[PDB]
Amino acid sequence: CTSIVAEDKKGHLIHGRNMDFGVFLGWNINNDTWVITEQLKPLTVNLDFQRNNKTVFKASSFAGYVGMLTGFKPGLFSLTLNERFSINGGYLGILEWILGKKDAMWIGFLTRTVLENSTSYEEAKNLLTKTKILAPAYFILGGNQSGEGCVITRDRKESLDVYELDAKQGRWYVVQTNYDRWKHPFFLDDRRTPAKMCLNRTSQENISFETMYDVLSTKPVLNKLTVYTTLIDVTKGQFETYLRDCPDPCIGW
């Protein structure tokens, strides 16, 4: 996955993400695709969650999966989740849950609770920062005012770091793939550096839905695992997601 929260010259927030998933079922040697990735594209749906014929939050999810991986509350905040890798991952977290310690929330469910029930960017931020979880994760969260955008690197029981926007110091975007910002990306899978060069070439002035979709279409930020691309605009209420393909030639991950 790749999640970006950018801020144009006039303080407008654009939140874009790519959803990479599907290495686990293997490879389709006949047309050069991942088995799950191709099977998730016809399952991808957009969801207008309503209460009293009024939109609570919108989302992009896979049909039959009740948690939320991409979504926003119109005019409030936007939230995408990126997978984080760890030593044992969810497995301790799952073990503790079976043996009886249920004081922690499942990863898809918490972002589902935050999108459905949180009221502000600060409320969402506080809950994603300090809620116990069963597995590590990246929470990429943008707000409705200027400077309200951050990546929350999460351990199971602790917030390792929160990387926020600072336009005054020249930081107008936050990128996050699947590796800790202070650490280095795995040699064979660096999508964070091309994402930045494309954002840097685009310039803060020109960042928009069109240029944000541009960077998420550049290989390897676009790759065989990319199921969909979502561009969010919390203030304008716009929420578009598009199924993707990466025709040969294209990197696999």
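Residue indices: 1-based, along the sequence shown.
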Of 81-89 and 148-156, the stretch whose C-alpha atoms average the higher B-factor in the entry:
81-89
Give the stretch, out of 4-12 and 242-250, with the larger mean C-alpha temperature factor in the deposited entry.
4-12
Can you pull the Cα B-factors for 203, 33, 223, 193 from the entry and say which is highest?
203
Have a look at 76, 128, 175, 137 and flag the one whose Cα has the highest B-factor in the entry.
76
Rank-wise, by C-alpha B-factor, drop residue 219 into the lowest, middle or highest third of its chain.
lowest
Entry-reported C-alpha B-factor of residue 212 relative to its chain, by third, is middle
Position of residue 49 among the chain's modelled residues by C-alpha B-factor, lowest, middle or highest third
highest
By the record's CA B-factor, is residue 19 among the lowest, middle or highest third of residues in the chain?
lowest
How does the C-alpha B factor of residue 171 compare with the rest of the chain: lowest, middle or highest third?
highest
